[PDB]
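Asker: Below is the file entry_8.txt, which contains compact mmCIF, N, CA and C atoms and all ligand atoms.
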```
# COMPACT_ATOMS: atom_id res chain seq x y z
N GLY A 1 0.84 -1.21 0.00
CA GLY A 1 0.00 0.00 0.00
C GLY A 1 0.86 1.25 0.00
N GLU A 2 0.27 2.41 0.30
CA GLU A 2 0.96 3.72 0.25
C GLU A 2 2.05 3.92 1.32
N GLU A 3 1.86 3.31 2.50
CA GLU A 3 2.66 3.40 3.73
C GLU A 3 2.85 4.82 4.33
N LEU A 4 2.95 4.90 5.66
CA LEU A 4 3.13 6.13 6.45
C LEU A 4 4.10 5.88 7.63
N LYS A 5 4.54 6.94 8.33
CA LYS A 5 5.32 6.85 9.58
C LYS A 5 5.03 8.00 10.56
N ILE A 6 5.35 7.79 11.84
CA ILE A 6 5.25 8.73 12.97
C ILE A 6 6.58 8.73 13.73
N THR A 7 7.14 9.91 14.00
CA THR A 7 8.23 10.06 14.98
C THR A 7 7.70 10.62 16.28
N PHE A 8 8.10 10.01 17.38
CA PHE A 8 7.90 10.53 18.72
C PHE A 8 9.25 10.84 19.35
N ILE A 9 9.34 12.02 19.96
CA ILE A 9 10.41 12.36 20.91
C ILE A 9 10.01 11.77 22.26
N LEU A 10 10.85 10.92 22.84
CA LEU A 10 10.59 10.23 24.10
C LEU A 10 10.64 11.19 25.30
N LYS A 11 10.04 10.81 26.44
CA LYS A 11 10.36 11.46 27.73
C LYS A 11 11.82 11.27 28.19
N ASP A 12 12.52 10.35 27.54
CA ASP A 12 13.97 10.11 27.65
C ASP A 12 14.79 10.91 26.60
N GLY A 13 14.15 11.81 25.83
CA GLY A 13 14.76 12.66 24.80
C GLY A 13 15.04 11.99 23.44
N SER A 14 15.03 10.66 23.40
CA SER A 14 15.26 9.82 22.21
C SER A 14 14.24 10.03 21.10
N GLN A 15 14.56 9.58 19.89
CA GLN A 15 13.69 9.57 18.71
C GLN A 15 13.36 8.16 18.32
N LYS A 16 12.07 7.96 18.10
CA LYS A 16 11.55 6.68 17.71
C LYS A 16 10.47 6.84 16.68
N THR A 17 10.68 6.05 15.65
CA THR A 17 10.28 6.35 14.29
C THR A 17 9.60 5.13 13.68
N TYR A 18 8.26 5.14 13.69
CA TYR A 18 7.41 3.94 13.68
C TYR A 18 6.49 3.91 12.46
N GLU A 19 6.37 2.75 11.82
CA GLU A 19 5.56 2.55 10.62
C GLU A 19 4.11 2.19 11.00
N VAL A 20 3.14 3.02 10.59
CA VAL A 20 1.72 2.94 10.97
C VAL A 20 0.79 3.10 9.77
N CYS A 21 -0.49 2.81 9.96
CA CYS A 21 -1.53 3.05 8.97
C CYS A 21 -2.25 4.40 9.18
N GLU A 22 -2.99 4.81 8.15
CA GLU A 22 -3.89 5.96 8.15
C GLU A 22 -5.08 5.77 9.13
N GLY A 23 -5.58 6.86 9.74
CA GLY A 23 -6.68 6.83 10.71
C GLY A 23 -6.27 6.43 12.14
N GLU A 24 -5.02 6.02 12.36
CA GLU A 24 -4.46 5.77 13.70
C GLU A 24 -4.22 7.10 14.45
N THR A 25 -4.52 7.13 15.75
CA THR A 25 -4.45 8.32 16.61
C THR A 25 -3.13 8.38 17.38
N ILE A 26 -2.68 9.55 17.84
CA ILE A 26 -1.29 9.73 18.32
C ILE A 26 -1.05 9.16 19.72
N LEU A 27 -1.94 9.39 20.70
CA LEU A 27 -1.84 8.69 22.00
C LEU A 27 -2.09 7.19 21.82
N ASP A 28 -2.95 6.85 20.87
CA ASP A 28 -3.26 5.48 20.48
C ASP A 28 -2.07 4.73 19.88
N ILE A 29 -1.16 5.38 19.14
CA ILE A 29 0.13 4.78 18.74
C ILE A 29 1.10 4.81 19.92
N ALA A 30 1.14 5.89 20.70
CA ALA A 30 2.11 6.02 21.78
C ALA A 30 1.99 4.89 22.82
N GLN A 31 0.78 4.68 23.34
CA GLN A 31 0.50 3.56 24.24
C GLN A 31 0.18 2.25 23.53
N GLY A 32 -0.35 2.26 22.30
CA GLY A 32 -0.53 1.02 21.53
C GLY A 32 0.80 0.35 21.17
N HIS A 33 1.87 1.13 21.00
CA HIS A 33 3.22 0.60 20.79
C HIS A 33 4.03 0.47 22.08
N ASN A 34 3.51 1.01 23.19
CA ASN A 34 4.23 1.14 24.46
C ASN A 34 5.64 1.73 24.25
N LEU A 35 5.64 2.95 23.72
CA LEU A 35 6.81 3.85 23.76
C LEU A 35 7.34 3.98 25.21
N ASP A 36 8.64 4.25 25.39
CA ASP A 36 9.24 4.48 26.72
C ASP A 36 8.80 5.87 27.23
N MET A 37 7.70 5.86 28.00
CA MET A 37 6.78 6.99 28.11
C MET A 37 5.97 6.96 29.42
N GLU A 38 5.31 8.07 29.76
CA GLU A 38 4.34 8.16 30.87
C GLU A 38 2.97 8.68 30.39
N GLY A 39 1.90 8.11 30.94
CA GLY A 39 0.51 8.20 30.45
C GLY A 39 -0.32 6.97 30.89
N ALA A 40 -1.65 7.01 30.72
CA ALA A 40 -2.55 5.96 31.25
C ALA A 40 -3.80 5.65 30.40
N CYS A 41 -4.10 6.45 29.36
CA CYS A 41 -5.28 6.32 28.51
C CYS A 41 -5.53 4.92 27.90
N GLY A 42 -4.49 4.10 27.74
CA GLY A 42 -4.60 2.70 27.28
C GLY A 42 -5.28 1.73 28.26
N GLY A 43 -5.54 2.14 29.51
CA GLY A 43 -6.27 1.34 30.51
C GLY A 43 -7.79 1.31 30.32
N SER A 44 -8.50 0.49 31.10
CA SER A 44 -9.96 0.36 31.01
C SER A 44 -10.67 1.54 31.68
N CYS A 45 -11.39 2.35 30.90
CA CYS A 45 -11.95 3.65 31.32
C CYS A 45 -10.91 4.57 31.99
N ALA A 46 -9.80 4.83 31.30
CA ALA A 46 -8.62 5.53 31.83
C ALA A 46 -8.23 6.80 31.05
N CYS A 47 -9.07 7.25 30.12
CA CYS A 47 -8.69 8.20 29.09
C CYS A 47 -8.74 9.66 29.58
N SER A 48 -7.59 10.19 30.00
CA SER A 48 -7.38 11.61 30.38
C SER A 48 -5.91 12.07 30.28
N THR A 49 -5.11 11.43 29.43
CA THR A 49 -3.65 11.64 29.28
C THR A 49 -3.27 12.06 27.85
N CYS A 50 -3.97 13.06 27.31
CA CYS A 50 -4.04 13.37 25.88
C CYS A 50 -2.85 14.12 25.26
N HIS A 51 -1.71 14.17 25.94
CA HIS A 51 -0.75 15.26 25.81
C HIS A 51 0.38 14.95 24.82
N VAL A 52 0.38 15.69 23.71
CA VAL A 52 1.43 15.73 22.68
C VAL A 52 1.63 17.15 22.17
N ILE A 53 2.72 17.35 21.45
CA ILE A 53 3.03 18.55 20.69
C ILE A 53 3.62 18.15 19.33
N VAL A 54 3.31 18.89 18.28
CA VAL A 54 3.70 18.65 16.89
C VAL A 54 4.90 19.47 16.42
N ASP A 55 5.54 18.96 15.38
CA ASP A 55 6.35 19.74 14.45
C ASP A 55 5.53 20.92 13.86
N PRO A 56 6.04 22.17 13.86
CA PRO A 56 5.43 23.28 13.13
C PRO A 56 5.14 23.04 11.64
N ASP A 57 5.72 22.02 11.00
CA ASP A 57 5.35 21.61 9.63
C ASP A 57 3.97 20.95 9.60
N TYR A 58 3.72 19.98 10.48
CA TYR A 58 2.53 19.17 10.41
C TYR A 58 1.40 19.71 11.29
N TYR A 59 1.67 20.69 12.17
CA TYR A 59 0.64 21.53 12.82
C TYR A 59 -0.10 22.44 11.90
N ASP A 60 0.55 22.87 10.82
CA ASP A 60 0.15 24.16 10.25
C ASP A 60 -1.20 24.05 9.50
N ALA A 61 -1.67 22.80 9.45
CA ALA A 61 -2.88 22.26 8.84
C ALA A 61 -3.93 21.82 9.89
N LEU A 62 -3.59 21.90 11.18
CA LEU A 62 -4.33 21.26 12.29
C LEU A 62 -5.29 22.22 13.04
N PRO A 63 -6.46 21.73 13.50
CA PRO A 63 -7.48 22.48 14.25
C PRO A 63 -7.13 22.70 15.74
N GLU A 64 -7.92 23.49 16.47
CA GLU A 64 -7.78 23.79 17.91
C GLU A 64 -8.98 23.23 18.75
N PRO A 65 -8.78 22.56 19.91
CA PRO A 65 -9.86 21.90 20.67
C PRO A 65 -10.64 22.83 21.62
N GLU A 66 -11.70 22.29 22.25
CA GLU A 66 -12.40 22.96 23.36
C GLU A 66 -11.54 23.13 24.62
N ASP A 67 -11.96 24.03 25.51
CA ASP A 67 -11.33 24.31 26.81
C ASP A 67 -11.24 23.10 27.77
N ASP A 68 -12.10 22.09 27.64
CA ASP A 68 -11.99 20.82 28.37
C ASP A 68 -11.07 19.82 27.68
N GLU A 69 -10.89 19.98 26.37
CA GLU A 69 -10.11 19.08 25.54
C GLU A 69 -8.62 19.47 25.58
N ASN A 70 -8.29 20.75 25.34
CA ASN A 70 -6.95 21.33 25.52
C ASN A 70 -6.43 21.39 26.97
N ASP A 71 -7.30 21.19 27.96
CA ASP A 71 -6.89 21.01 29.37
C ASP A 71 -6.16 19.68 29.57
N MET A 72 -6.55 18.62 28.85
CA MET A 72 -5.93 17.28 28.88
C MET A 72 -4.47 17.30 28.38
N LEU A 73 -4.07 18.41 27.73
CA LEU A 73 -2.72 18.72 27.28
C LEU A 73 -1.88 19.36 28.39
N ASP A 74 -2.41 20.45 28.96
CA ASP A 74 -1.88 21.24 30.08
C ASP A 74 -1.39 20.42 31.29
N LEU A 75 -1.93 19.21 31.46
CA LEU A 75 -1.59 18.25 32.52
C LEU A 75 -0.16 17.71 32.40
N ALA A 76 0.43 17.83 31.21
CA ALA A 76 1.84 17.59 30.95
C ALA A 76 2.67 18.88 30.96
N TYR A 77 3.91 18.80 31.43
CA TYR A 77 4.80 19.95 31.59
C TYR A 77 5.10 20.66 30.27
N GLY A 78 5.05 21.99 30.31
CA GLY A 78 5.74 22.80 29.32
C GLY A 78 5.03 22.88 27.97
N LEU A 79 3.69 22.96 27.97
CA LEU A 79 2.83 23.06 26.78
C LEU A 79 3.21 24.22 25.84
N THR A 80 3.20 23.95 24.53
CA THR A 80 3.82 24.79 23.48
C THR A 80 2.83 25.33 22.44
N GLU A 81 3.35 26.23 21.61
CA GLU A 81 2.80 26.83 20.39
C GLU A 81 2.10 25.86 19.42
N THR A 82 2.50 24.59 19.43
CA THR A 82 2.02 23.53 18.54
C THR A 82 1.47 22.32 19.31
N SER A 83 0.95 22.52 20.53
CA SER A 83 0.37 21.44 21.30
C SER A 83 -0.80 20.77 20.57
N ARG A 84 -0.91 19.44 20.64
CA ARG A 84 -1.91 18.65 19.92
C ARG A 84 -2.49 17.52 20.76
N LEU A 85 -3.70 17.12 20.37
CA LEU A 85 -4.61 16.34 21.19
C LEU A 85 -4.64 14.86 20.77
N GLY A 86 -4.27 14.00 21.71
CA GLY A 86 -3.81 12.63 21.46
C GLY A 86 -4.86 11.67 20.90
N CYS A 87 -6.13 11.86 21.25
CA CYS A 87 -7.27 11.11 20.69
C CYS A 87 -8.10 11.91 19.68
N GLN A 88 -7.70 13.15 19.33
CA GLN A 88 -8.46 14.03 18.44
C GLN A 88 -7.72 14.40 17.14
N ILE A 89 -6.48 13.94 16.92
CA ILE A 89 -5.86 13.99 15.58
C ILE A 89 -5.08 12.72 15.22
N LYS A 90 -5.12 12.37 13.93
CA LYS A 90 -4.73 11.08 13.37
C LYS A 90 -3.95 11.19 12.07
N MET A 91 -3.33 10.07 11.69
CA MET A 91 -2.57 9.92 10.45
C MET A 91 -3.48 10.05 9.21
N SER A 92 -3.06 10.81 8.21
CA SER A 92 -3.69 11.03 6.89
C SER A 92 -2.60 11.17 5.82
N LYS A 93 -2.91 11.22 4.51
CA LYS A 93 -1.86 11.25 3.46
C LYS A 93 -0.87 12.43 3.55
N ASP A 94 -1.25 13.50 4.26
CA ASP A 94 -0.47 14.73 4.43
C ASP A 94 0.57 14.64 5.56
N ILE A 95 0.57 13.56 6.34
CA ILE A 95 1.42 13.37 7.52
C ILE A 95 2.73 12.67 7.20
N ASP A 96 3.02 12.34 5.94
CA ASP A 96 3.99 11.29 5.60
C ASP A 96 5.44 11.70 5.93
N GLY A 97 5.80 11.50 7.20
CA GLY A 97 7.05 11.96 7.84
C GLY A 97 6.88 12.87 9.08
N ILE A 98 5.66 13.00 9.61
CA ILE A 98 5.26 13.72 10.83
C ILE A 98 6.09 13.36 12.06
N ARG A 99 6.20 14.34 12.96
CA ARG A 99 6.74 14.20 14.31
C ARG A 99 5.76 14.74 15.31
N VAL A 100 5.85 14.20 16.51
CA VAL A 100 5.42 14.87 17.72
C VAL A 100 6.46 14.70 18.83
N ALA A 101 6.39 15.52 19.88
CA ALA A 101 7.15 15.29 21.10
C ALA A 101 6.22 14.78 22.20
N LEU A 102 6.69 13.81 22.98
CA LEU A 102 5.95 13.19 24.07
C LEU A 102 6.44 13.84 25.40
N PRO A 103 5.64 14.74 26.01
CA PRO A 103 6.06 15.52 27.17
C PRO A 103 6.03 14.71 28.47
N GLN A 104 6.72 15.21 29.50
CA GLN A 104 6.72 14.62 30.84
C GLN A 104 5.41 14.94 31.59
N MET A 105 4.91 13.98 32.37
CA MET A 105 3.53 13.95 32.88
C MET A 105 3.47 14.07 34.41
N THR A 106 2.67 15.02 34.92
CA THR A 106 2.64 15.38 36.35
C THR A 106 2.04 14.31 37.27
N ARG A 107 0.81 13.86 37.01
CA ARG A 107 0.04 12.94 37.87
C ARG A 107 -1.06 12.21 37.10
N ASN A 108 -1.09 10.88 37.25
CA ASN A 108 -2.04 9.97 36.61
C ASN A 108 -2.77 9.04 37.61
N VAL A 109 -2.25 8.89 38.83
CA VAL A 109 -2.82 8.15 39.97
C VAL A 109 -3.42 6.79 39.62
N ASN A 110 -2.53 5.84 39.31
CA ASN A 110 -2.85 4.42 39.08
C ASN A 110 -2.26 3.48 40.15
N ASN A 111 -1.39 3.99 41.03
CA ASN A 111 -0.66 3.32 42.11
C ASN A 111 0.27 2.16 41.66
N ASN A 112 -0.27 1.13 41.02
CA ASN A 112 0.44 -0.09 40.62
C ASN A 112 0.40 -0.36 39.10
N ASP A 113 -0.77 -0.26 38.48
CA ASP A 113 -0.94 -0.49 37.04
C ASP A 113 -2.17 0.23 36.48
N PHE A 114 -2.11 0.54 35.18
CA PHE A 114 -3.27 0.86 34.34
C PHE A 114 -3.56 -0.24 33.31
N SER A 115 -2.58 -1.11 33.01
CA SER A 115 -2.68 -2.24 32.06
C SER A 115 -1.64 -3.32 32.34
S1 LIG B 1 -5.96 10.03 24.39
FE1 LIG B 1 -7.10 9.97 26.26
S2 LIG B 1 -7.88 11.95 26.72
FE2 LIG B 1 -7.17 11.83 24.65
```
For the structure just supplied, provide its representation as structure tokens.
Answerer:
Amino acid sequence: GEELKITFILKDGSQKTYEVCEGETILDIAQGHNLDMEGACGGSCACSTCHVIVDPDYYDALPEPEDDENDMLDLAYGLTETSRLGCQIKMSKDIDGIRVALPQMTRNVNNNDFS
């Protein structure tokens, strides 16, 4: 088929560069691949860890969320000019070489496990 990819900047600063399909979501790849990362949305009724930021190349085409939706971003440290929403934007033909950064996360309160 046409093929696509996603780069994530790790909470460890590393780059990881993953082959995915169209219509896949960014927190959904991050925890679906179990990147070396912090977050909890992959658990059963656990979805409140929406926090990513984009490359200014692949943002420049992207929409802005509601005040309850963009709050799920703010929960991670150091929110930026190109912050993006982990269950509200996905891979399409225009993404072919996209990046995001995976920010450090304040509090998720799972004690032992989310999955
Ligand atoms: S990925 Fe869970 S709040 Fe968006």
Asker: By how many Å are atom N of residue 68 of chain A and atom C of residue 81 of chain A apart?
Answerer: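 Distance between the two atoms: 16.8 Å.
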Asker: Just want the 6.5 Å neighbourhood of segment 84-86 of chain A, counted on all atoms listed in the file, with same-chain residues fewer than 2 positions away dropped. Output as a list in words.
Answerer: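 Counting all atoms listed in the file, the residues come to residues 25, 26, 27, 28, 49, 50, 51, 52, 53, 54, 82, 88 and 89 of chain A.
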Asker: Smallest atom-to-atom distance to ligand LIG 1 (chain B): which of A:4, A:29, A:91, A:62, using only C-alpha atoms and all ligand atoms?
Answerer: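 Looking at the shortest contact to ligand LIG 1 (chain B), the residue is A:29.
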Asker: Taking all atoms of ligand LIG 1 (chain B) that appear in the file, build a box with edges along x, y and z, extend it by 3 Å on every side, and state its centre and edge lengths in Å to one decimal, as AutoDock Vina command-line options.
Answerer:
```
--center_x -6.9 --center_y 11.0 --center_z 25.6 --size_x 7.9 --size_y 8.0 --size_z 8.3
```
Asker: Could you jot down the atom CA of residue 33 of chain A to atom CA of residue 97 of chain A separation for me, Å, one decimal place?
Answerer: 17.6 Å
Asker: Which neighbours of residue 7 of chain A fall inside 6.5 Å, counting all atoms listed in the file, when residues of the same chain fewer than 4 positions from it are skipped, and could you give them as a compact mmCIF listing (two decimals) with N, CA and C atoms, keeping the file's coordinate frame?
Answerer:
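Contents of part.txt, as written:
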```txt
# COMPACT_ATOMS: atom_id res chain seq x y z
N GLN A 15 14.56 9.58 19.89
CA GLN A 15 13.69 9.57 18.71
C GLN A 15 13.36 8.16 18.32
N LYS A 16 12.07 7.96 18.10
CA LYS A 16 11.55 6.68 17.71
C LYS A 16 10.47 6.84 16.68
N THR A 17 10.68 6.05 15.65
CA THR A 17 10.28 6.35 14.29
C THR A 17 9.60 5.13 13.68
N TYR A 18 8.26 5.14 13.69
CA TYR A 18 7.41 3.94 13.68
C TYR A 18 6.49 3.91 12.46
N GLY A 97 5.80 11.50 7.20
CA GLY A 97 7.05 11.96 7.84
C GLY A 97 6.88 12.87 9.08
N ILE A 98 5.66 13.00 9.61
CA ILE A 98 5.26 13.72 10.83
C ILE A 98 6.09 13.36 12.06
N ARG A 99 6.20 14.34 12.96
CA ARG A 99 6.74 14.20 14.31
C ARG A 99 5.76 14.74 15.31
N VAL A 100 5.85 14.20 16.51
CA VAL A 100 5.42 14.87 17.72
C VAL A 100 6.46 14.70 18.83
N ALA A 101 6.39 15.52 19.88
CA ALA A 101 7.15 15.29 21.10
C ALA A 101 6.22 14.78 22.20
```
Asker: Counting only N, CA and C atoms, which of A:63, A:56, A:39, A:1 gets nearest to residue 104 of chain A?
Answerer: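 Ranking A:63, A:56, A:39, A:1 by distance to residue 104 of chain A, first place goes to A:39.
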Asker: Just how far from atom CA of residue 79 of chain A is atom N of residue 45 of chain A, in Å to one decimal?
Answerer: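 Taking atom N of residue 45 of chain A and atom CA of residue 79 of chain A, their separation equals 25.5 Å.
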Asker: Under the rule that only N, CA and C atoms and all ligand atoms are counted, which of A:38, A:22, A:69, A:3 is the nearest residue to ligand LIG 1 (chain B)?
Answerer: A:69
Asker: Let me make sure I understand: among A:48, A:112, A:80, A:92, which one has the smallest atom-to-atom distance to ligand LIG 1 (chain B) if we use all atoms listed in the file?
Answerer: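 Under the stated criterion, the closest residue is A:48.
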Asker: Please return as a VMD selection string: the residues of segment 9-85 of chain A that backbone DSSP assigns to strand (DSSP E).
Answerer: chain A and resid 9 15 to 20 51 to 54 83 to 85
